[PDB]
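K.L.:
my sequence and its experimental structure, below.
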Amino acid sequence: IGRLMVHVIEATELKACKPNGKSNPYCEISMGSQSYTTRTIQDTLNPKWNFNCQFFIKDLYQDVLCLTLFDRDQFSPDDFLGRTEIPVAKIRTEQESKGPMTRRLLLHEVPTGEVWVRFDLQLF
């Protein structure tokens, strides 16, 4: 029924995981069985990925886009740096209201951190 473009631009003020006070962050972008992962950027709390990906939308009123951030360093597990979720229905109504703006999304389940993303929903 449509296609959702997700532009994961950057994140700011991420949680530190390494002894030097930095992290090596990556972002996973998922919606049911579909997922993408950004590259890991070394030694930053403010990674700029400029990563673009596309999702097929099956159910406008059920589909939920998730962004989950992780640290990737020499030790397992990859440390959780927060998550945010956005129903595709909300993307649709935000796009109608505000046009193609960059959204800053607060990360939940972590103490600090925001992810900057632009959505483009094209419904057939």
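P.N.:
Ah, there it is. Numbers count the residues shown, from 1 in each chain.
K.L.:
show me where the chain has its helices.
P.N.:
88-98 (DSSP state H).
K.L.:
mind listing what the residue nearest to the spatial centre of the chain touches?
P.N.:
Centroid-nearest residue in the chain, with Cα atoms, centre = their mean: residue 67, separated by 3.4 Å. With contact taken as Cβ atoms under 8 Å, 6 or more residues apart in numbering, residue 67 is in contact with 8, 27, 28, 29, 83, 84, 85, 105, 115, 117. All C-beta spots, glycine's among them, are computed from the backbone N, C-alpha and C.
K.L.:
look up the closest residue to residue 57, ignoring the ones flanking it.
P.N.:
residue 2 (4.2 Å; Cβ to Cβ, 6 or more residues apart in numbering).
K.L.:
got it, and residue 87?
P.N.:
Closest to residue 87 by Cβ to Cβ, 6+ apart is residue 64, at 5.2 Å.
K.L.:
burial measure for residue 40, as a count.
P.N.:
Residues lying near residue 40 (other Cβ atoms under 10 Å) number 18.
K.L.:
and the strands in this protein, which stretches?
P.N.:
2-12, 25-31, 34-37, 48-57, 64-71, 80-87, 103-106, 114-123 (DSSP state E).
K.L.:
format these as TSV; extra columns: distance to residue 19.
P.N.:
Formatted as TSV, the strands of the chain follow (distance: least, Cβ to Cβ, whole Å):
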stretch	distance to residue 19
strand 2-12	21
strand 25-31	16
strand 34-37	25
strand 48-57	23
strand 64-71	13
strand 80-87	17
strand 103-106	27
strand 114-123	24
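K.L.:
I figured the residue nearest to residue 57 hits residue 63, correct?
P.N.:
No. Under the criterion of Cβ atoms under 8 Å, residue 2 makes no contact with residue 63, lying 9.5 Å away.
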